[PDB]
2 protein chains.
Amino acid sequence: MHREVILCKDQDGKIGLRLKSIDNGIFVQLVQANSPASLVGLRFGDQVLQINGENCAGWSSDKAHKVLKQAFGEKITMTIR
Amino acid sequence: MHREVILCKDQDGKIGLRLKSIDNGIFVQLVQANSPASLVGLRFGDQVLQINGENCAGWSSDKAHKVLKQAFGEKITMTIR
Ligand SMILES: CCCCC1C(=O)N(c2ccccc2)N(c2ccccc2)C1=O
Ligand SMILES: CCCCC1C(=O)N(c2ccccc2)N(c2ccccc2)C1=O
């Protein structure tokens, strides 16, 4: 099911999340232990549907991480399945 | 109506929010310009119903700010009316 998660960057600007583009989607490839990403329950294999309001269908892995990096207000919003 | 807001501390650990205890409730007394608080649309007079899962009914102004300070994971959750 659809779910929104809100991640706050840690004190070094990081969230602890690696993403993979595949099958026209964006998926969670690696979640760092004890991180903003693990705090909201992200897991290997989760699909990311939106990042900061934008549909990620057809984004590259590097685009998805760029948009993560460009987060506004120390805050990353994502829609997940 | 009920609403949840999620605030991410800025890079100096701050959120830009002053709260007042009155009439058995917690209300927004001051919102700093260009802050985590203004980013989520908080306004003078808003009522804070919950902070980080806890009902704030009957909290002191100093308790409410303490709980703000004790935020977990660089993240403040609030329920607002
Ligand atoms: C607890 C360790 C945190 C490192 C983690 C992170 O915060 N970013 C990360 C860094 C800046 C913005 C968004 C995420 N990336 C990352 C992974 C792959 C490619 C690029 C960045 C990471 O692996
Ligand atoms: C853009 C300026 C930010 C200052 C603002 C803030 O982040 N906290 C604040 C500081 C630490 C934790 C939570 C909030 N308080 C504050 C107000 C009244 C009493 C105590 C703290 C503030 O006024």
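Just so it is clear: chains get the letters A, B, ... in the order the sequence lines come, proteins before strands, and each one is counted from 1. Computed over heavy atoms, backbone and side chain alike; hydrogens, waters and symmetry mates excluded.
Residue contact with chain B, scored on non-hydrogen atoms closer than 4.5 Å, involves the side chain of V40(A) exclusively.
Counting only heavy atoms from C-beta outward, the side chains of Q11(B) and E74(A) approach each other to under 4.5 Å.
When all heavy atoms of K75(A) and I6(B) are compared, the closest pair comes out as NZ-O, 2.8 Å. Between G73(B) and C8(A), the shortest heavy-atom contact is O-CB, 4.2 Å.
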